[PDB]
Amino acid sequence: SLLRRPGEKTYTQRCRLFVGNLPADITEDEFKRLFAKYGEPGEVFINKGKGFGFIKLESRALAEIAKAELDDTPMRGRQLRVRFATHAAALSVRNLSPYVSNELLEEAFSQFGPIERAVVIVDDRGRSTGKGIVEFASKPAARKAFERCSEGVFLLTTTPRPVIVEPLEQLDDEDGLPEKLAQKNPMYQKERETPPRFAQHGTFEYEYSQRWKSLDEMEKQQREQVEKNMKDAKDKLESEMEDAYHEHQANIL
């Protein structure tokens, strides 16, 4: 129903909402009427047996409004839980040149299948982190990109930097671990009997904790030394391979 199309691509997986705690006797019509305010519905999936469903709306904006408006609202004695659906066809990409843009990444990955979005993750100064996200329309397109970039060498720019493609890690930093669930542990009462505190010089917990911190600091130093050791190995490889291939030199063979 939107007069101006929000963009080139609509009803993407970033426009998909998860709705939990539906009533036992939900119907598709009732489910669609819940979202009627937010334009023409796209794909609808309802698990009537398990009390949840999915809907795609036309735009990310409409999904954000629906979530904000419908989350924690009553339906026949149940508070609806509305969340953005976790993306089923998303990949992490890393080892990106700093001169790879969102559009280059999308253009590149579009060869694997229809692509919804690609983004280069930037730091607080707008500089590339060398990492990105690619969101495909279909799981098979994501699987082909994952398999082909794993087996082969996919290059986006002049500098030979193979794109490293991994499953996108999707952890929950919205709901987290509420005290309602934590309390179900037997030893919870015993763990909370001592309040948050600074440990004091001379106590067992202070001495244990300072030694633990010293091992953690040693682990940090060793992990940094490994990165430095492997950077030197990668720079030595580059120099040896340039020489093997006579990169700065004409040679018939």
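Note that the rigid core is defined as the largest set of C-alphas that superpose within 1.5 Å between two forms. Each residue number is its position in the shown sequence, starting from 1.
- When the other structures are laid on the shown form by the rigid core, the stretch among 26 to 34 and 56 to 64 with the greater C-alpha deviation in 4 other deposited structures of this protein turns out to be 26 to 34.
- Comparing 162 to 170 with 71 to 79 by root mean square Cα distance to the shown form in 4 other deposited structures of this protein, with the rigid core used for the fit, gives 71 to 79 as the more displaced stretch.
- Here 82 to 90 and 171 to 179 are compared by their mean Cα B-factor, and 171 to 179 comes out higher.
- Mean CA B-factor, 101 to 109 versus 72 to 80: the higher value falls on 72 to 80.
- Per the deposited record, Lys190 carries the highest C-alpha B-factor of all listed residues (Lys56, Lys50, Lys190, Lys67).
- Within the selection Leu62, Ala36, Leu215, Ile46, the deposited Cα B-factor values reach their highest point at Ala36.
- Annotation for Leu22: CA B-factor lies in the middle third of the chain's modelled residues.
- Sorting the modelled residues of the chain by their CA temperature factor places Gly42 in the middle third.
- Among the modelled residues of the chain, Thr203 sits in the lowest third by CA temperature factor in this PDB entry.
- Residue-level temperature factors show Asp124 in the highest third of its chain, judged at the C-alpha atom.
- In the PDB entry, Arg14 places in the middle third of its chain by CA B-factor.
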